[PDB]
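Student: What follows is run.cif, made up of mmCIF, C-alpha atoms:
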```cif
data_final
loop_
_atom_site.label_atom_id
_atom_site.label_comp_id
_atom_site.auth_asym_id
_atom_site.auth_seq_id
_atom_site.Cartn_x
_atom_site.Cartn_y
_atom_site.Cartn_z
CA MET A 1 22.93 111.65 14.53
CA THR A 2 19.51 111.27 16.18
CA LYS A 3 18.39 112.80 19.48
CA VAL A 4 16.40 110.40 21.65
CA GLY A 5 14.93 111.71 24.86
CA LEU A 6 15.71 109.45 27.81
CA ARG A 7 13.10 109.35 30.58
CA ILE A 8 13.64 107.40 33.81
CA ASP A 9 10.74 106.45 36.08
CA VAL A 10 11.25 106.05 39.83
CA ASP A 11 8.19 104.49 41.47
CA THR A 12 9.47 102.74 44.62
CA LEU A 13 11.79 103.25 47.54
CA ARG A 14 14.21 100.56 46.28
CA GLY A 15 14.36 102.05 42.79
CA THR A 16 15.33 105.36 44.40
CA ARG A 17 17.82 103.93 46.91
CA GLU A 18 19.62 101.29 44.79
CA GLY A 19 18.50 101.96 41.20
CA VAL A 20 19.19 105.68 40.83
CA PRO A 21 22.86 105.82 42.01
CA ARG A 22 23.78 102.97 39.70
CA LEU A 23 22.00 104.86 36.92
CA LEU A 24 23.91 108.00 37.88
CA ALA A 25 27.28 106.24 37.68
CA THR A 26 26.35 104.66 34.33
CA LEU A 27 25.05 107.91 32.79
CA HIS A 28 28.07 109.84 34.09
CA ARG A 29 30.51 107.39 32.50
CA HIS A 30 28.71 107.51 29.12
CA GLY A 31 28.23 111.30 28.93
CA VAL A 32 24.44 111.01 28.92
CA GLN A 33 22.09 113.61 30.38
CA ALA A 34 18.59 112.24 31.06
CA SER A 35 15.25 113.09 32.68
CA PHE A 36 14.27 111.58 36.03
CA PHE A 37 10.69 111.51 37.38
CA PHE A 38 10.58 110.74 41.11
CA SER A 39 7.72 109.34 43.14
CA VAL A 40 8.27 111.25 46.38
CA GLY A 41 5.34 110.23 48.58
CA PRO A 42 4.41 106.89 50.13
CA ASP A 43 5.69 103.58 48.74
CA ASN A 44 2.33 101.79 48.58
CA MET A 45 3.43 99.93 45.47
CA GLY A 46 2.81 96.63 47.29
CA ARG A 47 -0.95 97.11 47.48
CA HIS A 48 -1.25 95.61 43.99
CA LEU A 49 -1.65 92.12 45.53
CA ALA A 73 10.61 93.65 48.93
CA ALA A 74 7.34 94.77 47.32
CA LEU A 75 5.55 92.43 49.74
CA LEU A 76 6.50 94.94 52.46
CA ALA A 77 5.76 98.06 50.35
CA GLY A 78 2.74 99.46 52.16
CA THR A 79 0.72 96.35 51.32
CA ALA A 80 -1.58 96.89 54.33
CA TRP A 81 -0.07 99.85 56.17
CA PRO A 82 1.17 103.35 55.30
CA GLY A 83 4.32 103.20 53.23
CA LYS A 84 7.55 105.06 53.88
CA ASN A 85 8.12 108.45 52.30
CA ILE A 86 10.39 107.88 49.29
CA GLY A 87 11.64 111.46 49.13
CA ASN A 88 12.17 111.71 52.89
CA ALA A 89 14.14 108.48 52.79
CA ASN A 90 16.21 109.55 49.76
CA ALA A 91 16.43 113.36 49.74
CA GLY A 92 20.21 113.26 49.06
CA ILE A 93 19.99 110.97 46.01
CA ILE A 94 17.15 113.07 44.56
CA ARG A 95 19.05 116.26 45.36
CA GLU A 96 22.14 114.77 43.75
CA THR A 97 20.14 113.76 40.68
CA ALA A 98 18.80 117.26 40.14
CA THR A 99 22.42 118.45 40.06
CA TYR A 100 23.26 116.64 36.82
CA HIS A 101 19.87 115.85 35.21
CA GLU A 102 16.56 117.48 34.40
CA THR A 103 14.33 116.43 37.29
CA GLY A 104 10.55 116.30 37.64
CA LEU A 105 7.65 114.83 39.53
CA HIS A 106 6.26 111.36 38.93
CA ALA A 107 3.71 110.93 41.73
CA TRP A 108 2.95 111.42 45.39
CA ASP A 109 1.47 107.94 45.88
CA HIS A 110 2.19 106.16 42.59
CA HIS A 111 -0.15 103.31 43.46
CA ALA A 112 -2.89 105.78 44.42
CA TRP A 113 -2.64 107.79 41.20
CA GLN A 114 -2.61 104.83 38.82
CA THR A 115 -5.45 103.13 40.75
CA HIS A 116 -7.89 105.97 41.49
CA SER A 117 -6.98 109.12 39.53
CA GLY A 118 -9.51 108.30 36.78
CA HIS A 119 -12.33 108.75 39.32
CA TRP A 120 -10.81 111.80 41.04
CA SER A 121 -12.21 115.29 40.62
CA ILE A 122 -10.13 117.96 38.89
CA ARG A 123 -9.67 119.49 42.33
CA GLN A 124 -8.31 116.16 43.62
CA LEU A 125 -5.82 115.90 40.76
CA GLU A 126 -4.75 119.49 41.42
CA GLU A 127 -4.26 118.75 45.12
CA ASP A 128 -2.23 115.63 44.47
CA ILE A 129 0.08 117.41 42.01
CA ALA A 130 0.49 120.15 44.63
CA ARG A 131 1.46 117.68 47.34
CA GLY A 132 4.03 116.04 45.07
CA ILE A 133 5.49 119.28 43.66
CA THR A 134 5.89 120.68 47.16
CA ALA A 135 7.66 117.57 48.44
CA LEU A 136 10.03 117.56 45.45
CA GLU A 137 10.84 121.28 45.76
CA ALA A 138 11.37 120.79 49.51
CA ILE A 139 14.03 118.21 48.68
CA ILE A 140 15.81 119.93 45.81
CA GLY A 141 15.22 123.59 46.58
CA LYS A 142 14.44 124.83 43.09
CA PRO A 143 11.31 125.11 40.90
CA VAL A 144 9.98 121.91 39.39
CA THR A 145 9.49 122.41 35.64
CA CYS A 146 8.05 119.06 34.47
CA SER A 147 5.97 116.11 35.63
CA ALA A 148 4.63 112.77 34.42
CA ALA A 149 1.46 110.92 35.42
CA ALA A 150 2.00 107.52 37.04
CA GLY A 151 1.41 104.64 34.64
CA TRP A 152 0.43 107.23 32.00
CA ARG A 153 -2.96 107.39 33.80
CA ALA A 154 -3.85 110.81 32.39
CA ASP A 155 -6.35 112.44 30.01
CA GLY A 156 -7.89 115.89 29.46
CA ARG A 157 -8.89 116.40 33.08
CA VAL A 158 -5.27 115.82 34.10
CA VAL A 159 -4.28 118.43 31.49
CA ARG A 160 -6.62 120.98 33.13
CA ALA A 161 -5.34 120.12 36.60
CA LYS A 162 -1.73 120.50 35.49
CA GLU A 163 -2.40 123.87 33.86
CA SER A 164 -2.54 125.43 37.38
CA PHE A 165 1.19 124.84 37.94
CA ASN A 166 2.32 126.15 34.51
CA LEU A 167 5.26 123.76 34.07
CA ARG A 168 7.71 123.85 31.18
CA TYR A 169 6.36 120.56 29.83
CA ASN A 170 4.60 117.39 30.89
CA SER A 171 4.90 113.74 29.85
CA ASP A 172 1.51 112.23 30.63
CA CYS A 173 0.75 110.09 27.58
CA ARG A 174 2.07 107.84 24.83
CA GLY A 175 2.15 109.37 21.36
CA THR A 176 4.41 110.19 18.45
CA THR A 177 5.81 113.70 18.89
CA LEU A 178 5.64 116.78 21.10
CA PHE A 179 2.46 118.84 20.97
CA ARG A 180 0.46 121.54 22.82
CA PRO A 181 -2.84 120.16 24.15
CA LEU A 182 -5.95 122.05 23.06
CA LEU A 183 -8.01 123.04 26.09
CA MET A 184 -10.81 124.76 24.15
CA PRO A 185 -10.76 126.62 20.81
CA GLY A 186 -8.12 129.36 20.76
CA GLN A 187 -6.41 128.24 23.99
CA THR A 188 -3.60 125.66 24.25
CA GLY A 189 -2.01 124.19 27.35
CA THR A 190 1.43 123.35 28.66
CA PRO A 191 3.43 121.36 26.07
CA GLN A 192 3.25 117.56 26.09
CA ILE A 193 6.31 115.37 25.57
CA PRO A 194 4.97 111.89 24.73
CA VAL A 195 6.73 108.58 25.07
CA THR A 196 6.84 107.24 21.51
CA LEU A 197 8.66 103.82 22.06
CA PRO A 198 7.39 100.75 23.93
CA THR A 199 9.07 99.74 27.19
CA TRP A 200 10.96 96.63 28.20
CA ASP A 201 8.10 95.06 30.17
CA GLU A 202 5.78 95.42 27.16
CA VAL A 203 8.02 93.53 24.76
CA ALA A 204 9.84 90.90 26.84
CA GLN A 209 14.10 88.21 23.50
CA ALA A 210 16.18 90.06 26.08
CA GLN A 211 19.46 90.05 24.12
CA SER A 212 17.53 91.10 20.99
CA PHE A 213 15.53 93.85 22.71
CA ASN A 214 18.41 96.31 22.53
CA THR A 215 18.82 95.74 18.78
CA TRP A 216 15.06 96.04 18.21
CA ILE A 217 14.65 99.20 20.30
CA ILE A 218 17.58 100.80 18.50
CA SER A 219 15.90 99.99 15.18
CA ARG A 220 12.65 101.53 16.47
CA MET A 221 14.55 104.60 17.68
CA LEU A 222 16.14 105.17 14.30
CA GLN A 223 12.96 104.69 12.23
CA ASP A 224 10.62 106.84 14.36
CA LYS A 225 8.81 109.34 12.16
CA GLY A 226 8.24 111.70 15.10
CA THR A 227 10.38 112.70 18.08
CA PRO A 228 11.53 109.44 19.69
CA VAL A 229 11.26 109.50 23.49
CA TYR A 230 12.32 106.30 25.34
CA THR A 231 11.29 105.48 28.93
CA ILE A 232 13.17 103.18 31.36
CA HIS A 233 12.54 102.36 35.03
CA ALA A 234 15.07 102.77 37.85
CA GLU A 235 13.74 99.52 39.34
CA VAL A 236 14.70 97.60 36.17
CA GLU A 237 17.43 99.33 34.15
CA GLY A 238 19.01 100.57 37.39
CA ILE A 239 19.13 97.24 39.19
CA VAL A 240 18.68 93.87 37.48
CA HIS A 241 19.03 94.93 33.85
CA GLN A 242 21.73 97.53 34.38
CA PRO A 243 24.28 95.59 32.25
CA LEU A 244 21.63 95.41 29.53
CA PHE A 245 20.89 99.14 29.68
CA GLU A 246 24.62 99.94 29.68
CA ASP A 247 24.88 97.82 26.53
CA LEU A 248 22.00 99.85 25.05
CA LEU A 249 23.99 103.00 25.85
CA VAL A 250 27.08 101.69 24.02
CA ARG A 251 25.24 100.43 20.91
CA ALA A 252 23.13 103.58 20.65
CA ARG A 253 26.26 105.73 20.68
CA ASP A 254 27.48 103.62 17.78
CA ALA A 255 24.25 103.42 15.81
CA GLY A 256 24.14 107.25 15.75
CA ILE A 257 21.84 107.90 18.74
CA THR A 258 22.34 110.48 21.50
CA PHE A 259 20.15 110.42 24.60
CA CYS A 260 19.18 113.79 26.10
CA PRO A 261 16.60 114.95 28.64
CA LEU A 262 13.14 115.36 27.13
CA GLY A 263 13.00 119.12 27.76
CA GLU A 264 15.98 119.52 25.40
CA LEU A 265 13.61 118.54 22.57
CA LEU A 266 11.47 121.66 22.95
CA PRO A 267 12.08 124.46 20.43
CA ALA A 268 12.36 128.08 21.53
CA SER A 269 8.76 128.84 20.55
CA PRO A 270 6.04 126.45 21.77
CA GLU A 271 4.13 127.90 18.79
CA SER A 272 5.96 125.48 16.46
CA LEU A 273 4.45 122.50 18.27
CA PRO A 274 1.32 120.95 16.71
CA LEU A 275 -2.09 120.80 18.33
CA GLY A 276 -3.26 117.58 19.93
CA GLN A 277 -5.26 116.08 22.78
CA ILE A 278 -4.90 113.27 25.33
CA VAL A 279 -7.62 110.63 25.22
CA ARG A 280 -8.18 107.37 27.10
CA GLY A 281 -6.71 104.62 24.90
CA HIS A 282 -5.08 101.18 25.08
CA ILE A 283 -1.61 99.96 24.22
CA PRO A 284 -0.33 96.39 23.64
CA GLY A 285 1.62 95.14 26.64
CA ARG A 286 -0.18 97.26 29.26
CA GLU A 287 -3.28 95.99 31.09
CA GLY A 288 -5.49 99.06 31.45
CA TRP A 289 -6.24 102.32 29.72
CA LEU A 290 -3.70 105.12 29.53
CA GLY A 291 -3.23 108.55 27.98
CA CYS A 292 -2.93 108.51 24.17
CA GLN A 293 -1.98 111.53 22.06
CA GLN A 294 -4.48 112.38 19.36
CA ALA A 295 -4.95 114.98 16.66
CA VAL A 296 -7.87 117.46 16.52
CA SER A 297 -11.57 117.59 15.40
#
```
Just give me the structure of the file as C-alpha cells.
Tutor:
Amino acid sequence: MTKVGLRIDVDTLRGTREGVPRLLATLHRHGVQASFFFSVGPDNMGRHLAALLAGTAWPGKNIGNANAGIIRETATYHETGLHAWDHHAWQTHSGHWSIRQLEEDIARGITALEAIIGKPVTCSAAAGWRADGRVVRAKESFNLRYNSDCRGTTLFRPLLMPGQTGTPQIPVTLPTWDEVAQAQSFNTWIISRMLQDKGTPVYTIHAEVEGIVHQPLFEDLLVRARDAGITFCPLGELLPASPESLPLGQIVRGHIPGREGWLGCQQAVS
C-alpha cells in the first residue's frame, strides 16, 4: 500500500461554492482525507483576458466571505490551508513584489482564513506555484507546519543560509490534468505514475475541475486507486515526527511541460 498526498486547489468563487461540497460528499463516501487550499480574497480570476464576470474589470467578490460555511465545514474533516488572497494577483505580480509585500499578502490571507475557521492555519501554497526563495523567507515569518509552494520529488527543508533551514516544503511530484490532457486513459496513467514515484508522491487536483465537470472521472480515480494499492491522505500526514529527517533543498525559478510560465522547482544544494 502506497500513501499519496491529495491536495485540492480552490481558486474561484464557483470552485468554492459548487466544487467543494461535491468533493466533500465524494471524499466522505470513499473514506479519503485530503488537503484543501482556499483562495479567500477577491475572485479576480477573470482578469486573465462565469469567469467573464470574475472581476474582469471591477473588484471581485470575497470568496471566503461568500463561502465561510463551506470553508468552515471543510476544516472540520480535512487539513485546511491558505492558497491566496487574490489568486490572480499573486500569480501575476508576486515575482516583482518585495519580501515585505509577500509577507503582507500572506498575512491578509491567513487572517481571512482564520477569521472564517477560528483556528490556527498550519499550511499554505503559493498560487500557480509562483514561489521561490523570497517566498520562502516571507513565509518563515508565520512559522507554519509545512508549505507546498513548488513542484519537486519529495519533502524537504529549504536552506535559508548555511546552518539554518526553513519551514518544511511538501512538493507536488505528479503532473496535473490540464498539463496532460486521453481523458479515459489519464486515470490509468496517473495511477501508474503514482505507483512508480521514487520520492513521496503528492497529487494536486482543482475544485473547479475535479469538483464540477470531471467529478465522475475523479471518483473513478478514487475507486481505481483504492484497488491499485493507493491511499490518499492530507499532505501533512507525510511529515515524520522530526523535520530533521527531511533532506535539504531549495526552491528555484524553473519551467515545467504543460504550464506557460515559470514556477517554483525543488532543487538540491551547492
Student: Expressed in Å to a single decimal, how great is the separation between atom CA of residue A:186 and atom CA of residue A:167?
Tutor: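 Result for atom CA of residue A:186 versus atom CA of residue A:167: 19.7 Å, one decimal.
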Student: I need the residue set behind the PyMOL selection byres ((chain A and resi 240-251) around 12) for this file; please write it as a PDB file with C-alpha atoms, in the coordinates of the input.
Tutor:
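Result went into expr32.pdb, see below:
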```
ATOM      1  CA  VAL A   4      16.400 110.400  21.650  1.00  0.00           C
ATOM      2  CA  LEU A   6      15.710 109.450  27.810  1.00  0.00           C
ATOM      3  CA  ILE A   8      13.640 107.400  33.810  1.00  0.00           C
ATOM      4  CA  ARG A  14      14.210 100.560  46.280  1.00  0.00           C
ATOM      5  CA  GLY A  15      14.360 102.050  42.790  1.00  0.00           C
ATOM      6  CA  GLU A  18      19.620 101.290  44.790  1.00  0.00           C
ATOM      7  CA  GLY A  19      18.500 101.960  41.200  1.00  0.00           C
ATOM      8  CA  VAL A  20      19.190 105.680  40.830  1.00  0.00           C
ATOM      9  CA  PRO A  21      22.860 105.820  42.010  1.00  0.00           C
ATOM     10  CA  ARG A  22      23.780 102.970  39.700  1.00  0.00           C
ATOM     11  CA  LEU A  23      22.000 104.860  36.920  1.00  0.00           C
ATOM     12  CA  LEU A  24      23.910 108.000  37.880  1.00  0.00           C
ATOM     13  CA  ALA A  25      27.280 106.240  37.680  1.00  0.00           C
ATOM     14  CA  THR A  26      26.350 104.660  34.330  1.00  0.00           C
ATOM     15  CA  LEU A  27      25.050 107.910  32.790  1.00  0.00           C
ATOM     16  CA  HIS A  28      28.070 109.840  34.090  1.00  0.00           C
ATOM     17  CA  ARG A  29      30.510 107.390  32.500  1.00  0.00           C
ATOM     18  CA  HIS A  30      28.710 107.510  29.120  1.00  0.00           C
ATOM     19  CA  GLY A  31      28.230 111.300  28.930  1.00  0.00           C
ATOM     20  CA  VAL A  32      24.440 111.010  28.920  1.00  0.00           C
ATOM     21  CA  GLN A  33      22.090 113.610  30.380  1.00  0.00           C
ATOM     22  CA  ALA A  34      18.590 112.240  31.060  1.00  0.00           C
ATOM     23  CA  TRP A 200      10.960  96.630  28.200  1.00  0.00           C
ATOM     24  CA  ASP A 201       8.100  95.060  30.170  1.00  0.00           C
ATOM     25  CA  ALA A 210      16.180  90.060  26.080  1.00  0.00           C
ATOM     26  CA  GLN A 211      19.460  90.050  24.120  1.00  0.00           C
ATOM     27  CA  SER A 212      17.530  91.100  20.990  1.00  0.00           C
ATOM     28  CA  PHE A 213      15.530  93.850  22.710  1.00  0.00           C
ATOM     29  CA  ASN A 214      18.410  96.310  22.530  1.00  0.00           C
ATOM     30  CA  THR A 215      18.820  95.740  18.780  1.00  0.00           C
ATOM     31  CA  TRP A 216      15.060  96.040  18.210  1.00  0.00           C
ATOM     32  CA  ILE A 217      14.650  99.200  20.300  1.00  0.00           C
ATOM     33  CA  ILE A 218      17.580 100.800  18.500  1.00  0.00           C
ATOM     34  CA  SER A 219      15.900  99.990  15.180  1.00  0.00           C
ATOM     35  CA  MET A 221      14.550 104.600  17.680  1.00  0.00           C
ATOM     36  CA  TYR A 230      12.320 106.300  25.340  1.00  0.00           C
ATOM     37  CA  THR A 231      11.290 105.480  28.930  1.00  0.00           C
ATOM     38  CA  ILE A 232      13.170 103.180  31.360  1.00  0.00           C
ATOM     39  CA  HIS A 233      12.540 102.360  35.030  1.00  0.00           C
ATOM     40  CA  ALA A 234      15.070 102.770  37.850  1.00  0.00           C
ATOM     41  CA  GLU A 235      13.740  99.520  39.340  1.00  0.00           C
ATOM     42  CA  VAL A 236      14.700  97.600  36.170  1.00  0.00           C
ATOM     43  CA  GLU A 237      17.430  99.330  34.150  1.00  0.00           C
ATOM     44  CA  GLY A 238      19.010 100.570  37.390  1.00  0.00           C
ATOM     45  CA  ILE A 239      19.130  97.240  39.190  1.00  0.00           C
ATOM     46  CA  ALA A 252      23.130 103.580  20.650  1.00  0.00           C
ATOM     47  CA  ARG A 253      26.260 105.730  20.680  1.00  0.00           C
ATOM     48  CA  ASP A 254      27.480 103.620  17.780  1.00  0.00           C
ATOM     49  CA  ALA A 255      24.250 103.420  15.810  1.00  0.00           C
ATOM     50  CA  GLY A 256      24.140 107.250  15.750  1.00  0.00           C
ATOM     51  CA  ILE A 257      21.840 107.900  18.740  1.00  0.00           C
ATOM     52  CA  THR A 258      22.340 110.480  21.500  1.00  0.00           C
ATOM     53  CA  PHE A 259      20.150 110.420  24.600  1.00  0.00           C
ATOM     54  CA  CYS A 260      19.180 113.790  26.100  1.00  0.00           C
TER      55      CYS A 260
END
```
Student: Neighbouring residues of stretch 267-283 of chain A were defined as those with any atom within 7 Å, considering all atoms listed in the file; residues of the same chain fewer than 3 positions away were excluded. Please report them as a PyMOL selection string.
Tutor: chain A and resi 155-156+173+178-182+286+288-296
Student: Could you save the residues just selected, with C-alpha atoms, as a compact mmCIF listing (two decimals), in the frame of the given file?
Tutor:
```txt
# COMPACT_ATOMS: atom_id res chain seq x y z
CA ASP A 155 -6.35 112.44 30.01
CA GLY A 156 -7.89 115.89 29.46
CA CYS A 173 0.75 110.09 27.58
CA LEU A 178 5.64 116.78 21.10
CA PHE A 179 2.46 118.84 20.97
CA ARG A 180 0.46 121.54 22.82
CA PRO A 181 -2.84 120.16 24.15
CA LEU A 182 -5.95 122.05 23.06
CA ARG A 286 -0.18 97.26 29.26
CA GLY A 288 -5.49 99.06 31.45
CA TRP A 289 -6.24 102.32 29.72
CA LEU A 290 -3.70 105.12 29.53
CA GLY A 291 -3.23 108.55 27.98
CA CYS A 292 -2.93 108.51 24.17
CA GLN A 293 -1.98 111.53 22.06
CA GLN A 294 -4.48 112.38 19.36
CA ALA A 295 -4.95 114.98 16.66
CA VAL A 296 -7.87 117.46 16.52
```
Student: Atom CA of residue A:142 to atom CA of residue A:128: how many Å, to one decimal?
Tutor: 19.1 Å
Student: Expanded to explicit residues, what is the PyMOL selection byres ((chain A and resi 91) around 12) for this file, as a list in words?
Tutor: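 Output of the PyMOL selection byres ((chain A and resi 91) around 12): residues 13, 16, 17, 38, 39, 40, 41, 85, 86, 87, 88, 89, 90, 92, 93, 94, 95, 96, 97, 98, 135, 136, 137, 138, 139, 140 and 141 of chain A.
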Student: Extending 3 Å beyond the listed atoms of stretch 139-157 of chain A on each side, what axis-aligned box results? I want centre and edge lengths in Å to one decimal, as lines of an AutoDock Vina configuration file.
Tutor:
```
center_x = 3.5
center_y = 114.9
center_z = 39.1
size_x = 30.7
size_y = 26.5
size_z = 25.2
```
Student: Which one of A:123, A:168, A:101, A:162 sits closest to residue A:144 if you count only C-alpha atoms?
Tutor: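 Looking only at the distances to residue A:144, the closest residue turns out to be A:168.
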Student: Just say which residues the PyMOL selection byres ((chain A and resi 229) around 8) picks in this file, as a PyMOL selection string.
Tutor: chain A and resi 4-7+193-197+227-228+230-231+262
Student: Residues as selected, C-alpha atoms, written as a CSV table (one decimal), in the frame of the given file, can you do that?
Tutor:
```csv
chain,number,residue,atom,x,y,z
A,4,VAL,CA,16.4,110.4,21.6
A,5,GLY,CA,14.9,111.7,24.9
A,6,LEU,CA,15.7,109.4,27.8
A,7,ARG,CA,13.1,109.4,30.6
A,193,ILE,CA,6.3,115.4,25.6
A,194,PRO,CA,5.0,111.9,24.7
A,195,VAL,CA,6.7,108.6,25.1
A,196,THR,CA,6.8,107.2,21.5
A,197,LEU,CA,8.7,103.8,22.1
A,227,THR,CA,10.4,112.7,18.1
A,228,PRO,CA,11.5,109.4,19.7
A,230,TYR,CA,12.3,106.3,25.3
A,231,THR,CA,11.3,105.5,28.9
A,262,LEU,CA,13.1,115.4,27.1
```
Student: Atom CA of residue A:83 and atom CA of residue A:45 are how many Å apart?
Tutor: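 If I compute the distance from atom CA of residue A:83 to atom CA of residue A:45, I get 8.5 Å.
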Student: From the set A:79, A:121, A:147, A:35, which residue has the shortest atom-to-atom contact distance to residue A:100, counting only C-alpha atoms?
Tutor: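 Result for the nearest residue to residue A:100: A:35.
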Student: Would you save stretch 96-112 of chain A to a file, keeping N, CA and C atoms, as a PDB file, in the first residue's frame?
Tutor:
```pdb
ATOM      1  N   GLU A  96     -16.838  24.161   7.102  1.00  0.00           N
ATOM      2  CA  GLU A  96     -17.210  22.750   7.109  1.00  0.00           C
ATOM      3  C   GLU A  96     -16.056  21.896   6.612  1.00  0.00           C
ATOM      4  N   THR A  97     -15.313  22.398   5.616  1.00  0.00           N
ATOM      5  CA  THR A  97     -14.140  21.672   5.143  1.00  0.00           C
ATOM      6  C   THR A  97     -13.148  21.461   6.276  1.00  0.00           C
ATOM      7  N   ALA A  98     -12.809  22.533   6.999  1.00  0.00           N
ATOM      8  CA  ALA A  98     -11.783  22.388   8.023  1.00  0.00           C
ATOM      9  C   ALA A  98     -12.238  21.484   9.160  1.00  0.00           C
ATOM     10  N   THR A  99     -13.467  20.974   9.102  1.00  0.00           N
ATOM     11  CA  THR A  99     -13.922  20.049  10.129  1.00  0.00           C
ATOM     12  C   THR A  99     -13.447  18.638   9.844  1.00  0.00           C
ATOM     13  N   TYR A 100     -13.310  18.289   8.562  1.00  0.00           N
ATOM     14  CA  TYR A 100     -12.985  16.931   8.158  1.00  0.00           C
ATOM     15  C   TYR A 100     -11.675  16.791   7.388  1.00  0.00           C
ATOM     16  N   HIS A 101     -11.003  17.894   7.071  1.00  0.00           N
ATOM     17  CA  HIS A 101      -9.810  17.879   6.241  1.00  0.00           C
ATOM     18  C   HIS A 101      -8.781  18.876   6.792  1.00  0.00           C
ATOM     19  N   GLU A 102      -7.504  18.545   6.619  1.00  0.00           N
ATOM     20  CA  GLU A 102      -6.457  19.547   6.758  1.00  0.00           C
ATOM     21  C   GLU A 102      -6.750  20.695   5.804  1.00  0.00           C
ATOM     22  N   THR A 103      -6.646  21.919   6.308  1.00  0.00           N
ATOM     23  CA  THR A 103      -7.058  23.107   5.575  1.00  0.00           C
ATOM     24  C   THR A 103      -5.960  24.159   5.653  1.00  0.00           C
ATOM     25  N   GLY A 104      -5.724  24.854   4.538  1.00  0.00           N
ATOM     26  CA  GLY A 104      -4.659  25.832   4.466  1.00  0.00           C
ATOM     27  C   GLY A 104      -4.957  26.886   3.418  1.00  0.00           C
ATOM     28  N   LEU A 105      -4.016  27.814   3.270  1.00  0.00           N
ATOM     29  CA  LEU A 105      -4.273  29.057   2.558  1.00  0.00           C
ATOM     30  C   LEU A 105      -3.641  29.002   1.176  1.00  0.00           C
ATOM     31  N   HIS A 106      -4.447  29.254   0.158  1.00  0.00           N
ATOM     32  CA  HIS A 106      -3.964  29.265  -1.210  1.00  0.00           C
ATOM     33  C   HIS A 106      -3.555  30.671  -1.647  1.00  0.00           C
ATOM     34  N   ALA A 107      -4.436  31.650  -1.497  1.00  0.00           N
ATOM     35  CA  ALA A 107      -4.093  33.007  -1.904  1.00  0.00           C
ATOM     36  C   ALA A 107      -5.058  33.988  -1.243  1.00  0.00           C
ATOM     37  N   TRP A 108      -4.743  35.274  -1.364  1.00  0.00           N
ATOM     38  CA  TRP A 108      -5.756  36.304  -1.103  1.00  0.00           C
ATOM     39  C   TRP A 108      -6.410  36.610  -2.449  1.00  0.00           C
ATOM     40  N   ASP A 109      -5.669  37.231  -3.350  1.00  0.00           N
ATOM     41  CA  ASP A 109      -6.087  37.389  -4.738  1.00  0.00           C
ATOM     42  C   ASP A 109      -5.195  36.456  -5.555  1.00  0.00           C
ATOM     43  N   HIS A 110      -5.763  35.311  -5.954  1.00  0.00           N
ATOM     44  CA  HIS A 110      -5.026  34.312  -6.726  1.00  0.00           C
ATOM     45  C   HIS A 110      -4.445  34.927  -7.988  1.00  0.00           C
ATOM     46  N   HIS A 111      -5.281  35.643  -8.740  1.00  0.00           N
ATOM     47  CA  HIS A 111      -4.802  36.297  -9.949  1.00  0.00           C
ATOM     48  C   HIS A 111      -3.645  37.241  -9.646  1.00  0.00           C
ATOM     49  N   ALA A 112      -3.792  38.057  -8.594  1.00  0.00           N
ATOM     50  CA  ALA A 112      -2.737  38.988  -8.205  1.00  0.00           C
ATOM     51  C   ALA A 112      -1.440  38.259  -7.906  1.00  0.00           C
TER      52      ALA A 112
END
```
